[PDB]
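Have a look at run07.cif; it's mmCIF, C-alpha atoms; chains and numbers go by the auth columns:
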```cif
data_target
#
loop_
_atom_site.group_PDB
_atom_site.id
_atom_site.type_symbol
_atom_site.label_atom_id
_atom_site.label_comp_id
_atom_site.label_asym_id
_atom_site.label_seq_id
_atom_site.Cartn_x
_atom_site.Cartn_y
_atom_site.Cartn_z
_atom_site.B_iso_or_equiv
_atom_site.auth_seq_id
_atom_site.auth_asym_id
ATOM 1 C CA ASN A 1 0.000 0.000 0.000 0.00 1 A
ATOM 2 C CA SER A 2 0.958 3.662 0.396 0.00 2 A
ATOM 3 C CA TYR A 3 2.230 2.797 3.874 0.00 3 A
ATOM 4 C CA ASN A 4 5.315 0.991 2.574 0.00 4 A
ATOM 5 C CA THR A 5 8.051 2.627 4.653 0.00 5 A
ATOM 6 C CA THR A 6 10.899 2.340 2.105 0.00 6 A
ATOM 7 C CA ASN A 7 8.882 3.736 -0.783 0.00 7 A
ATOM 8 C CA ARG A 8 7.700 6.597 1.426 0.00 8 A
ATOM 9 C CA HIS A 9 11.297 7.152 2.513 0.00 9 A
ATOM 10 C CA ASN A 10 12.594 7.138 -1.068 0.00 10 A
ATOM 11 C CA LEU A 11 9.814 9.276 -2.511 0.00 11 A
ATOM 12 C CA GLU A 12 10.510 11.768 0.287 0.00 12 A
ATOM 13 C CA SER A 13 14.310 11.755 -0.140 0.00 13 A
ATOM 14 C CA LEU A 14 13.932 12.454 -3.852 0.00 14 A
ATOM 15 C CA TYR A 15 11.727 15.521 -3.305 0.00 15 A
ATOM 16 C CA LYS A 16 13.166 16.714 0.023 0.00 16 A
ATOM 17 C CA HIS A 17 16.918 17.003 -0.648 0.00 17 A
ATOM 18 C CA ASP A 18 18.046 19.732 -3.032 0.00 18 A
ATOM 19 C CA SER A 19 21.057 17.554 -3.823 0.00 19 A
ATOM 20 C CA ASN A 20 18.639 15.627 -6.063 0.00 20 A
ATOM 21 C CA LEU A 21 17.433 18.778 -7.803 0.00 21 A
ATOM 22 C CA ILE A 22 19.063 20.214 -10.922 0.00 22 A
ATOM 23 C CA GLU A 23 18.377 23.885 -11.509 0.00 23 A
ATOM 24 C CA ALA A 24 20.407 25.619 -14.232 0.00 24 A
ATOM 25 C CA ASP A 25 19.627 28.776 -16.198 0.00 25 A
ATOM 26 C CA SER A 26 20.391 29.848 -19.770 0.00 26 A
ATOM 27 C CA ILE A 27 22.337 26.656 -20.417 0.00 27 A
ATOM 28 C CA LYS A 28 23.030 25.132 -23.862 0.00 28 A
ATOM 29 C CA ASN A 29 23.415 21.399 -24.634 0.00 29 A
ATOM 30 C CA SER A 30 26.622 19.557 -25.561 0.00 30 A
ATOM 31 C CA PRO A 31 27.154 19.041 -29.321 0.00 31 A
ATOM 32 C CA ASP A 32 27.326 15.275 -28.771 0.00 32 A
ATOM 33 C CA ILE A 33 25.735 12.361 -30.578 0.00 33 A
ATOM 34 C CA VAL A 34 22.393 11.607 -28.910 0.00 34 A
ATOM 35 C CA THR A 35 19.214 9.685 -29.768 0.00 35 A
ATOM 36 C CA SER A 36 15.892 11.085 -30.991 0.00 36 A
ATOM 37 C CA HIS A 37 14.520 10.993 -27.432 0.00 37 A
ATOM 38 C CA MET A 38 17.232 12.846 -25.518 0.00 38 A
ATOM 39 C CA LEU A 39 19.805 15.598 -25.014 0.00 39 A
ATOM 40 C CA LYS A 40 22.999 15.790 -22.941 0.00 40 A
ATOM 41 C CA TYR A 41 24.008 18.656 -20.643 0.00 41 A
ATOM 42 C CA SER A 42 27.056 19.640 -18.590 0.00 42 A
ATOM 43 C CA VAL A 43 25.660 21.152 -15.392 0.00 43 A
ATOM 44 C CA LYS A 44 27.865 16.570 -13.925 0.00 44 A
ATOM 45 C CA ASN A 45 26.770 14.818 -17.123 0.00 45 A
ATOM 46 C CA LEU A 46 23.009 14.894 -17.614 0.00 46 A
ATOM 47 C CA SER A 47 20.808 12.787 -19.888 0.00 47 A
ATOM 48 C CA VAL A 48 17.488 14.602 -20.235 0.00 48 A
ATOM 49 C CA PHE A 49 14.940 12.162 -21.704 0.00 49 A
ATOM 50 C CA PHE A 50 11.663 13.209 -23.350 0.00 50 A
ATOM 51 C CA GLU A 51 8.526 11.218 -24.210 0.00 51 A
ATOM 52 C CA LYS A 52 8.146 12.096 -27.894 0.00 52 A
ATOM 53 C CA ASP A 53 10.862 12.492 -30.536 0.00 53 A
ATOM 54 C CA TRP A 54 9.806 16.033 -31.452 0.00 54 A
ATOM 55 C CA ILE A 55 10.298 17.617 -28.005 0.00 55 A
ATOM 56 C CA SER A 56 14.114 17.656 -28.228 0.00 56 A
ATOM 57 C CA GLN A 57 14.267 19.241 -31.700 0.00 57 A
ATOM 58 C CA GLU A 58 12.770 22.308 -30.029 0.00 58 A
ATOM 59 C CA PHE A 59 15.639 22.894 -27.611 0.00 59 A
ATOM 60 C CA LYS A 60 18.547 21.614 -29.718 0.00 60 A
ATOM 61 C CA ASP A 61 21.390 24.137 -29.474 0.00 61 A
ATOM 62 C CA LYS A 62 19.203 26.763 -27.836 0.00 62 A
ATOM 63 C CA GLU A 63 19.749 28.218 -24.376 0.00 63 A
ATOM 64 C CA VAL A 64 17.241 26.643 -22.001 0.00 64 A
ATOM 65 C CA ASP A 65 16.357 26.732 -18.306 0.00 65 A
ATOM 66 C CA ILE A 66 16.552 23.442 -16.421 0.00 66 A
ATOM 67 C CA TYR A 67 14.553 22.528 -13.318 0.00 67 A
ATOM 68 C CA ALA A 68 14.223 18.792 -12.879 0.00 68 A
ATOM 69 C CA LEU A 69 14.874 16.052 -10.320 0.00 69 A
ATOM 70 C CA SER A 70 17.618 13.561 -11.140 0.00 70 A
ATOM 71 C CA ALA A 71 18.870 10.061 -10.384 0.00 71 A
ATOM 72 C CA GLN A 72 22.407 8.681 -10.724 0.00 72 A
ATOM 73 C CA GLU A 73 22.397 6.221 -13.651 0.00 73 A
ATOM 74 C CA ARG A 74 26.202 9.998 -14.411 0.00 74 A
ATOM 75 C CA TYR A 75 22.719 11.527 -14.065 0.00 75 A
ATOM 76 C CA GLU A 76 19.441 11.342 -15.967 0.00 76 A
ATOM 77 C CA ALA A 77 16.470 13.699 -15.829 0.00 77 A
ATOM 78 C CA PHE A 78 13.035 13.655 -17.446 0.00 78 A
ATOM 79 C CA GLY A 79 11.884 16.870 -19.066 0.00 79 A
ATOM 80 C CA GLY A 80 12.124 19.950 -16.858 0.00 80 A
ATOM 81 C CA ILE A 81 13.291 22.120 -19.787 0.00 81 A
ATOM 82 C CA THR A 82 11.922 25.475 -21.009 0.00 82 A
ATOM 83 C CA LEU A 83 13.543 27.987 -23.356 0.00 83 A
ATOM 84 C CA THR A 84 15.369 30.728 -21.440 0.00 84 A
ATOM 85 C CA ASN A 85 13.535 33.987 -20.792 0.00 85 A
ATOM 86 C CA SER A 86 14.698 37.428 -19.656 0.00 86 A
ATOM 87 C CA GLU A 87 11.391 38.315 -17.995 0.00 87 A
ATOM 88 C CA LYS A 88 12.354 36.808 -14.634 0.00 88 A
ATOM 89 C CA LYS A 89 9.479 38.574 -12.847 0.00 89 A
ATOM 90 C CA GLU A 90 8.140 36.762 -9.774 0.00 90 A
ATOM 91 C CA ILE A 91 4.796 34.970 -10.024 0.00 91 A
ATOM 92 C CA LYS A 92 2.849 33.587 -7.050 0.00 92 A
ATOM 93 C CA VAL A 93 0.949 30.484 -8.129 0.00 93 A
ATOM 94 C CA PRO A 94 -1.933 30.022 -5.652 0.00 94 A
ATOM 95 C CA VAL A 95 -1.867 26.704 -3.763 0.00 95 A
ATOM 96 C CA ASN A 96 -5.049 25.546 -2.048 0.00 96 A
ATOM 97 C CA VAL A 97 -4.525 22.757 0.452 0.00 97 A
ATOM 98 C CA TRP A 98 -7.302 20.569 1.815 0.00 98 A
ATOM 99 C CA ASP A 99 -5.887 18.881 4.885 0.00 99 A
ATOM 100 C CA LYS A 100 -8.264 16.123 6.001 0.00 100 A
ATOM 101 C CA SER A 101 -11.459 17.769 4.664 0.00 101 A
ATOM 102 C CA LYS A 102 -10.438 21.033 6.342 0.00 102 A
ATOM 103 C CA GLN A 103 -9.686 23.941 4.038 0.00 103 A
ATOM 104 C CA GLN A 104 -6.333 25.530 4.908 0.00 104 A
ATOM 105 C CA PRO A 105 -5.045 29.134 4.735 0.00 105 A
ATOM 106 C CA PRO A 106 -4.089 30.444 1.270 0.00 106 A
ATOM 107 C CA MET A 107 -0.584 29.292 0.401 0.00 107 A
ATOM 108 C CA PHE A 108 1.671 29.976 -2.571 0.00 108 A
ATOM 109 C CA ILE A 109 4.791 28.810 -4.400 0.00 109 A
ATOM 110 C CA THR A 110 6.819 31.088 -6.648 0.00 110 A
ATOM 111 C CA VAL A 111 8.113 30.741 -10.212 0.00 111 A
ATOM 112 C CA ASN A 112 9.876 33.396 -12.291 0.00 112 A
ATOM 113 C CA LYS A 113 9.383 31.921 -15.739 0.00 113 A
ATOM 114 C CA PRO A 114 6.366 33.034 -17.809 0.00 114 A
ATOM 115 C CA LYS A 115 6.052 29.355 -18.779 0.00 115 A
ATOM 116 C CA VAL A 116 6.964 26.679 -16.235 0.00 116 A
ATOM 117 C CA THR A 117 6.888 22.879 -16.547 0.00 117 A
ATOM 118 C CA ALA A 118 4.323 20.777 -14.687 0.00 118 A
ATOM 119 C CA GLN A 119 7.331 19.167 -13.005 0.00 119 A
ATOM 120 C CA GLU A 120 8.712 22.377 -11.515 0.00 120 A
ATOM 121 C CA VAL A 121 5.287 23.088 -10.038 0.00 121 A
ATOM 122 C CA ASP A 122 4.889 19.585 -8.581 0.00 122 A
ATOM 123 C CA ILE A 123 8.378 19.606 -7.056 0.00 123 A
ATOM 124 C CA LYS A 124 7.877 22.956 -5.308 0.00 124 A
ATOM 125 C CA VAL A 125 4.462 21.930 -4.011 0.00 125 A
ATOM 126 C CA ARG A 126 5.719 18.632 -2.579 0.00 126 A
ATOM 127 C CA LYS A 127 8.594 20.398 -0.844 0.00 127 A
ATOM 128 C CA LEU A 128 5.926 22.638 0.696 0.00 128 A
ATOM 129 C CA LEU A 129 3.717 19.740 1.877 0.00 129 A
ATOM 130 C CA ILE A 130 6.729 17.820 3.206 0.00 130 A
ATOM 131 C CA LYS A 131 7.792 20.839 5.291 0.00 131 A
ATOM 132 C CA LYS A 132 4.363 21.920 6.572 0.00 132 A
ATOM 133 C CA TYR A 133 2.478 18.618 6.788 0.00 133 A
ATOM 134 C CA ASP A 134 5.245 16.006 6.690 0.00 134 A
ATOM 135 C CA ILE A 135 3.092 13.851 4.386 0.00 135 A
ATOM 136 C CA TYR A 136 5.694 11.095 3.966 0.00 136 A
ATOM 137 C CA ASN A 137 6.475 10.655 7.664 0.00 137 A
ATOM 138 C CA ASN A 138 7.163 7.013 8.585 0.00 138 A
ATOM 139 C CA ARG A 139 6.889 7.417 12.358 0.00 139 A
ATOM 140 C CA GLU A 140 3.205 8.263 12.700 0.00 140 A
ATOM 141 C CA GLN A 141 2.241 7.856 9.029 0.00 141 A
ATOM 142 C CA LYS A 142 -0.719 10.224 9.391 0.00 142 A
ATOM 143 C CA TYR A 143 -1.076 10.679 5.614 0.00 143 A
ATOM 144 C CA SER A 144 -1.453 7.987 2.950 0.00 144 A
ATOM 145 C CA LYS A 145 -3.690 9.422 0.213 0.00 145 A
ATOM 146 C CA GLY A 146 -3.234 12.590 -1.791 0.00 146 A
ATOM 147 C CA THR A 147 -3.099 14.438 -5.094 0.00 147 A
ATOM 148 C CA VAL A 148 -1.699 17.604 -6.626 0.00 148 A
ATOM 149 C CA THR A 149 -4.015 19.046 -9.280 0.00 149 A
ATOM 150 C CA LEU A 150 -2.963 21.846 -11.587 0.00 150 A
ATOM 151 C CA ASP A 151 -6.248 23.478 -12.544 0.00 151 A
ATOM 152 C CA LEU A 152 -5.674 25.251 -15.884 0.00 152 A
ATOM 153 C CA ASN A 153 -7.926 28.041 -17.190 0.00 153 A
ATOM 154 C CA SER A 154 -7.974 26.283 -20.563 0.00 154 A
ATOM 155 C CA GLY A 155 -10.280 23.660 -19.092 0.00 155 A
ATOM 156 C CA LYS A 156 -7.735 20.920 -18.343 0.00 156 A
ATOM 157 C CA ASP A 157 -6.370 19.359 -15.163 0.00 157 A
ATOM 158 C CA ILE A 158 -2.953 17.795 -14.684 0.00 158 A
ATOM 159 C CA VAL A 159 -2.983 15.470 -11.670 0.00 159 A
ATOM 160 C CA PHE A 160 -0.069 13.973 -9.737 0.00 160 A
ATOM 161 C CA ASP A 161 -0.528 11.165 -7.214 0.00 161 A
ATOM 162 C CA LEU A 162 1.491 12.079 -4.122 0.00 162 A
ATOM 163 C CA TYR A 163 1.881 8.378 -3.356 0.00 163 A
ATOM 164 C CA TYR A 164 3.047 6.900 -6.682 0.00 164 A
ATOM 165 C CA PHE A 165 6.244 4.938 -6.081 0.00 165 A
ATOM 166 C CA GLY A 166 6.525 3.566 -9.619 0.00 166 A
ATOM 167 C CA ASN A 167 8.538 0.378 -9.301 0.00 167 A
ATOM 168 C CA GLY A 168 10.661 1.655 -6.416 0.00 168 A
ATOM 169 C CA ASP A 169 13.517 3.362 -8.271 0.00 169 A
ATOM 170 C CA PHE A 170 14.044 7.094 -8.771 0.00 170 A
ATOM 171 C CA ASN A 171 13.869 6.843 -12.565 0.00 171 A
ATOM 172 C CA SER A 172 10.491 5.130 -12.250 0.00 172 A
ATOM 173 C CA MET A 173 9.103 7.926 -10.069 0.00 173 A
ATOM 174 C CA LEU A 174 10.486 10.618 -12.366 0.00 174 A
ATOM 175 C CA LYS A 175 9.405 9.144 -15.699 0.00 175 A
ATOM 176 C CA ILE A 176 6.025 10.816 -15.104 0.00 176 A
ATOM 177 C CA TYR A 177 7.557 14.136 -16.165 0.00 177 A
ATOM 178 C CA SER A 178 8.867 12.787 -19.502 0.00 178 A
ATOM 179 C CA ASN A 179 6.224 14.750 -21.417 0.00 179 A
ATOM 180 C CA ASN A 180 8.133 17.950 -20.598 0.00 180 A
ATOM 181 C CA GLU A 181 4.662 19.484 -20.420 0.00 181 A
ATOM 182 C CA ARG A 182 4.602 23.247 -19.834 0.00 182 A
ATOM 183 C CA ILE A 183 1.939 25.762 -18.811 0.00 183 A
ATOM 184 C CA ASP A 184 1.401 29.495 -18.536 0.00 184 A
ATOM 185 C CA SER A 185 2.423 30.584 -15.025 0.00 185 A
ATOM 186 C CA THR A 186 -0.464 32.980 -14.396 0.00 186 A
ATOM 187 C CA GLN A 187 -3.103 30.825 -16.081 0.00 187 A
ATOM 188 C CA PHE A 188 -3.691 28.214 -13.382 0.00 188 A
ATOM 189 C CA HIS A 189 -3.693 27.480 -9.654 0.00 189 A
ATOM 190 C CA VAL A 190 -2.965 24.415 -7.536 0.00 190 A
ATOM 191 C CA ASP A 191 -5.383 22.260 -5.516 0.00 191 A
ATOM 192 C CA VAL A 192 -3.838 19.788 -3.078 0.00 192 A
ATOM 193 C CA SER A 193 -5.723 17.133 -1.157 0.00 193 A
ATOM 194 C CA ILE A 194 -3.964 15.241 1.622 0.00 194 A
ATOM 195 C CA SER A 195 -5.501 12.723 4.031 0.00 195 A
#
```
How does the structure come out when it is put into structure tokens?
Amino acid sequence: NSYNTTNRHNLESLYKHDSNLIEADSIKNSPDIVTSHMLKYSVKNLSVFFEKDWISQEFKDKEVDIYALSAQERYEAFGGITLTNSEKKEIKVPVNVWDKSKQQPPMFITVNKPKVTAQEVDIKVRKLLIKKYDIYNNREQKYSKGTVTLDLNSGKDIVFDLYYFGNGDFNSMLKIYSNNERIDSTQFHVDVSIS
């Protein structure tokens, strides 16, 4: 179940420690020989994998911003790439937490990219829930069910299960971001439900 101590401990470690996070700005890829589903960066060697073959052609040789979680293979990330942008103006994405039926005070996370990946949003939200609610705690294990829903104004929701452990490995838990899906920073808000 979602009470498996190791999976809760791994899922937490991945999202809790910044040592697992790769955040680089205005970086360009290495002119190496790669497949149709990847790109290589020098941030440590990074293999950024994408779901479809056309997603990489978009960033090839262009300066991009990276914000993705990684796992030692040296390292491999899934998506987390957006073309660089000068407009680094702060944006407060509204986060609405429902802690055990109870509505909580208005909370926010910040992004300074006009377009941010679904992954960057998820990561920042989980760091928030880990710190305030300690949703992956293995001592008391008060939480075991939860979701992170990005409610877009375009009539579409992007949901993340807070307790998806994949097959147990970091790459399995991160492959969910392979779509390198992006969204307009001021055109959505976040709804979190933890119980």
Would you write out, as a PDB file with C-alpha atoms, keeping the file's coordinate frame, every residue that the PyMOL selection byres ((chain A and resi 153-155) around 12) captures in this file?
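Result file is out-v5.pdb:
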```pdb
ATOM      1  CA  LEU A 150      -2.963  21.846 -11.587  1.00  0.00           C
ATOM      2  CA  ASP A 151      -6.248  23.478 -12.544  1.00  0.00           C
ATOM      3  CA  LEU A 152      -5.674  25.251 -15.884  1.00  0.00           C
ATOM      4  CA  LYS A 156      -7.735  20.920 -18.343  1.00  0.00           C
ATOM      5  CA  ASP A 157      -6.370  19.359 -15.163  1.00  0.00           C
ATOM      6  CA  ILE A 158      -2.953  17.795 -14.684  1.00  0.00           C
ATOM      7  CA  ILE A 183       1.939  25.762 -18.811  1.00  0.00           C
ATOM      8  CA  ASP A 184       1.401  29.495 -18.536  1.00  0.00           C
ATOM      9  CA  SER A 185       2.423  30.584 -15.025  1.00  0.00           C
ATOM     10  CA  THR A 186      -0.464  32.980 -14.396  1.00  0.00           C
ATOM     11  CA  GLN A 187      -3.103  30.825 -16.081  1.00  0.00           C
ATOM     12  CA  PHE A 188      -3.691  28.214 -13.382  1.00  0.00           C
ATOM     13  CA  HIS A 189      -3.693  27.480  -9.654  1.00  0.00           C
ATOM     14  CA  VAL A 190      -2.965  24.415  -7.536  1.00  0.00           C
TER      15      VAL A 190
END
```
* Asked: Which value, in Å to one decimal, gives the distance between CA of residue 5 in chain A and CA of residue 170 in chain A?
  -> 15.4 Å
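Once the PyMOL selection byres ((chain A and resi 95) around 10) is applied to the depicted file, the selected set reads residues 92, 93, 94, 96, 97, 98, 104, 105, 106, 107, 108, 109, 125, 128, 148, 149, 150, 188, 189, 190, 191 and 192 of chain A.
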* Expansion of the PyMOL selection byres ((chain A and resi 177) around 10) into residues, as a ChimeraX atom specification -> /A:49-51,68-69,77-80,117-120,122,160,173-176,178-181
* Find the distance between CA of residue 57 in chain A and CA of residue 81 in chain A and write it in Å to one decimal. => 12.3 Å
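The two atoms in question, CA of residue 52 in chain A and CA of residue 20 in chain A, are spaced 24.5 Å apart.
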To box range 177-183 of chain A, take all atoms listed in the file, fit an axis-aligned box, add 6 Å on each side, and give centre and edge lengths in Å to one decimal, as JSON.
```
{"center_x": 5.4, "center_y": 19.3, "center_z": -18.8, "size_x": 18.9, "size_y": 25.0, "size_z": 17.3}
```
